[PDB]
Every structure is written in C-alpha cells, then in structure tokens.
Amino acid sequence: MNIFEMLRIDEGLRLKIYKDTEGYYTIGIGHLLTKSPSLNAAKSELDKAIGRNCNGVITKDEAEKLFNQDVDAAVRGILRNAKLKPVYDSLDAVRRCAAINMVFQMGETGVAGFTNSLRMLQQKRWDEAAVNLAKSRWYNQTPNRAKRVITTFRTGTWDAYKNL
C-alpha cells in the first residue's frame, strides 16, 4: 500500500463530473473543480485544468495526472505549513500517508481545528489521538473513511485498507 492506492480506495475513480460527499462538483480521483453551484463554472474549471474542451468528461490518464498533481500539492502544502511540518516529519511512513489523506480531503484550512490531535500525534499518543480525531465534523460526516484513516494513525499499519 502507498498514498496513491489509499486515496484511490477512498476517493474512487469517476471520469465524468460528479458531486462529492459535500455536494461540490468534482471529477477523477477526488479532484475538486469548484464549490460553485454552477455546472458551467465547473466545466470551465475542468477545461482549464486539463487544457482542452472536455465537455465534462476526461480519460483515465487525465484523471491520474490530476491525481498526481493533487497528491504532490497536498504533501508540499504540509511541508510549507509551520504547524503541520514538524508533526509530519515526526511520523513514520504509514502514518504520513494518513496525514496526506486528511489534507487531501479537507485542505489546510479544514484541518485547522485539529491542534489538539496534532499535539497527540507528535507525542505518539496514538490511542488518545485516535479518540480526539473522531470528535470532529470530519468523522461524523464521512465515518467509514475517517475510521480507516484513524485506524491507520492508531496502528501505523495498513490493516484498515487490506480488505479495501
């Protein structure tokens, strides 16, 4: 398992514009197009992202290219964030994947309220961190995915992803 396989499981793959769990236009492997309610706005964003007139549909290769870009952006975002970088650097490889997964899903503003969880992760208090992480809108709105990510933080293993 690696971060690409993990997020591919969590986000799926859809080649036509769809609405994500929050109702936002998205495509590919969880590539957010816009938070605007306008499908036309989403189609514009898609054409801009892909560099051709897509009419709301992309190829698998195009989806995988956006995915590579998005994963890279997520990781670089962590390394540029003064709050996140030290915790990330303190983690092992498997737990780093859990970190990237969360930032991929919610961005850095979205993890802003996780100060206490970050502290527990940095301290390697894994059970405590796991309990704290579940006290979140994140957990309540996407519990199956959050449980997988939390299990990954708790154990430092891929046990939650092994049965897909």
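In this text, residue numbers run from 1 along the sequence as written.
Novice: Which has higher Cα B-factors on average according to the PDB entry: 27-35 or 49-57?
Specialist: Result of the comparison: 49-57.
Novice: Of 113-121 and 98-106, which one has the bigger average CA B-factor?
Specialist: Stretch with the higher mean C-alpha B-factor: 113-121.
Novice: Within this chain, which third does the Cα B-factor at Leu7 fall in: lowest, middle or highest?
Specialist: Lowest third of the chain for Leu7's C-alpha B-factor.
Novice: Is the Cα B-factor recorded for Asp72 in the lowest, middle or highest third of its chain?
Specialist: Tercile = highest for this residue's CA B-factor.
Novice: Looking at the C-alpha B-factor of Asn132, is it in the lowest, middle or highest third of its chain?
Specialist: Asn132: CA B-factor falls in the middle third of its chain.
Novice: Would you check the entry's CA temperature factor for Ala82 and let me know if it's in the chain's lowest, middle or highest third?
Specialist: Highest third.
Novice: Pull the Cα B-factor of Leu15 out of the PDB entry and bin it into the chain's lowest, middle or highest third.
Specialist: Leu15: CA B-factor falls in the middle third of its chain.
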